[PDB]
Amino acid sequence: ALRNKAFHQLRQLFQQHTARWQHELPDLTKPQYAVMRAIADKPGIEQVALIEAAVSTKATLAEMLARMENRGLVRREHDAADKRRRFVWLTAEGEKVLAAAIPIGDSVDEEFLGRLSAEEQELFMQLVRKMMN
């Protein structure tokens, strides 16, 4: 049965967590949230570097960041040499939105991680990383 497939149960969990995230933060997706935290950690980060936080393609990030700056959450500047290269900052509003979302996302994570001891959480992470090499 599908319940016996590790990666099926994985999509079940990922979707349950995503669905809770959608209910609590309907206007800030997990990829948007992660991108914004990467920007807050490294203001002026090069736009291309943000695909790691976004776990997306260059195209999906382009569409994402365009939507985000149209919503006044981020601003961008270009390289005078190569205007494709772009740098990303949070706007004042973006910082406010991010500040409010962090404890919300943390608590959504906790709805699930809270069902595990500390040793089990650390060990769930070791397994995920081991499967990614």
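Here the rigid core means the biggest group of C-alpha atoms that line up within 1.5 Å when the two forms are laid on top of each other. Numbering starts at 1 and follows the sequence shown.
The higher RMS C-alpha distance to the shown form in 5 other deposited structures of this protein, out of 50-58 and 63-71, belongs to 50-58, with every structure fitted on the core. Mean CA B-factor, 102-110 versus 79-87: the higher value falls on 79-87.
The mean C-alpha temperature factor is higher for 62-70 when 62-70 and 25-33 are set side by side. Ranked by C-alpha B-factor against the other modelled residues of its chain, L116 falls in the middle third. Placement of the Cα temperature factor of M125 within the chain: middle third of the modelled residues, per the deposited record. Sort the modelled residues of the chain by CA B factor and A54 lands in the lowest third. Split the chain's modelled residues into thirds by C-alpha temperature factor. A6 is in the lowest one.
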